[PDB]
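Novice: A structural model of the following input is requested.
(one chain, ligands or ions: 8)
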Amino acid sequence: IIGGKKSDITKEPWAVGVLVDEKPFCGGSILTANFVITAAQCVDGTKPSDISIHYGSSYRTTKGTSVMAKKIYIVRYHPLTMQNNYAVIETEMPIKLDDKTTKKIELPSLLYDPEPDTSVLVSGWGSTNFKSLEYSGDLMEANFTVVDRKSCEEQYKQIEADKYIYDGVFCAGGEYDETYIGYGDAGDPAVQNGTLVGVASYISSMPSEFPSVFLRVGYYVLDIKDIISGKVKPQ
Ligand SMILES: [Zn+2]
Ligand SMILES: [Zn+2]
Ligand SMILES: [Zn+2]
Ligand SMILES: [Zn+2]
Ligand SMILES: [Zn+2]
Ligand SMILES: [Zn+2]
Ligand SMILES: [Zn+2]
Ligand SMILES: [Zn+2]
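Specialist: Numbers count the residues shown, from 1 in each chain. Ligands and ions are numbered 1, 2, ... in the order given. The protein structure is shown below:
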């Protein structure tokens with residue numbers, strides 16, 4: 001996270017690390033003791049045994065508990081437009097919730113759409129400046145100001161990138177806050193009123209000065225609940 005500050009896992013006990021064998025780090029969020037949600041770009045086409053979930057720690061890779069993935073659920077991820085950029089990971093063993101450092105985050109109401117000028121709380125271990133691709137050892141947090149979807153699309157259209165902006169995402173941060181999703185921050189939870197309203201995307205082709213992009217969880221709540229009910233085949 002660029003332009004945030006050092007946090008603590010007790011401030012965002014839903015946040016987890018998603019370690020992917022020989023691939024980029026991502027963040028994630030606890031939905032239930034058995035399910036974690038992250039970005040699709042993190043785990044698309046990756047075997048579950050190559051994926052670890054790191055929970056209950058402020059640190060990126062150490063001092064918590066690690067649990068292997070069992071199944072990966074992807075629902076029509078389109079890497080070209082980054083449409084439907086979410087994945088649900090089922091753990092091999094249950095996550096030990098403790099209402100201190102490890103807690104589930106509630107899903108939002110159907111089609112929830114954060115209002116422009118409101119703020120979402122985002123937390124993760126991605127890069128903390130735009131020159132470095134190195135991850136943060138410490139959990140960082142920031143409030144990202146929500147940018148109107150149309151206005152964000154118009155901005156992205158300037159560099160012909162408007163294809164990344166659609167109803168299934170919302171935009172937050174950017175020049176107004178000087179606050180951005182960094183490399184490694186894909187999958188980071190975005191929280192509003194004690195519910196998970198967004199899941200961070202990372203668009204490698206995008207420079208700074210544009211708002212960051214977040215999966216609109218509301219748009220996909222039926223899909224998330226279908227996955228959790230066992231009504232969706234794993235990858
Ligand atoms: Zn589709
Ligand atoms: Zn499609
Ligand atoms: Zn449009
Ligand atoms: Zn539109
Ligand atoms: Zn639209
Ligand atoms: Zn600037
Ligand atoms: Zn759907
Ligand atoms: Zn869908």
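Novice: and the residue nearest the centre of this protein?
Specialist: Closest to where the C-alpha atoms of the chain average out (C-alpha atoms, centre = their mean) is residue 187, at 2.2 Å.
Novice: isn't it up against residue 200?
Specialist: Yes - Residue 187 lies in contact with residue 200 (C-beta atoms under 8 Å); the separation is 6.0 Å. Just so you know, the C-beta spots here come from the backbone N, C-alpha and C atoms, and that holds for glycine as well.
Novice: where do the contact lists of those two overlap?
Specialist: Shared contacts of residue 187 and residue 200 (C-beta atoms under 8 Å, 6 or more residues apart in numbering): 27, 39, 124.
Novice: quick one, domains of the protein?
Specialist: 1-12+105-216, 13-104+217-235 (curated CATH domains).
Novice: for the chain, just list every one of the strands.
Specialist: Per DSSP state E, the chain has strands spanning 5-6, 15-20, 26-30, 35-38, 51-55, 65-74, 87-91, 119-124, 140-147, 169-172, 189-192, 195-200, 212-216. These are given in chain order.
Novice: out of those, flag the one nearest residue 235.
Specialist: Closest to residue 235 of those, according to C-beta to C-beta: strand 65-74, at 4.8 Å.
Novice: what's the neighbour count on residue 137?
Specialist: 12 (other C-beta atoms under 10 Å).
Novice: and the gap between the residue sitting furthest away from the middle of the chain and residue 12?
Specialist: Distance from the centre of the chain peaks at residue 158, with 25.6 Å (C-alpha atoms, centre = their mean). Look at residue 158 and residue 12: by C-beta to C-beta, to the nearest Å, they are 33 Å apart.
Novice: same question, residue 228
Specialist: Applying C-beta to C-beta, the value for residue 228 to residue 12 is 21 Å.
Novice: who's more crowded, those two?
Specialist: Remark: of residue 228 and residue 12, residue 12 carries more neighbours, 25 against 18, as counted by other C-beta under 10 Å.
Novice: the more buried one: what's it in contact with?
Specialist: Contacts of residue 12 by C-beta under 8 Å, 6+ apart are 121, 123, 139, 141, 189, 191.
Novice: just among those, which is most surrounded?
Specialist: That'd be residue 189 among the contacts of residue 12, by other C-beta under 10 Å, with 27 neighbours.
Novice: what's the neighbour count on the nearest residue to that one once chain neighbours are set aside?
Specialist: Of all residues not flanking residue 189 in the chain, residue 29 sits nearest, at 3.9 Å (C-beta to C-beta, 6 or more residues apart in numbering). Residues near residue 29, counting by other C-beta under 10 Å, number 26.
Novice: would you map the helices across the chain?
Specialist: With DSSP state H, the ranges of helices along the chain come out as 40-43, 149-157, 221-228.
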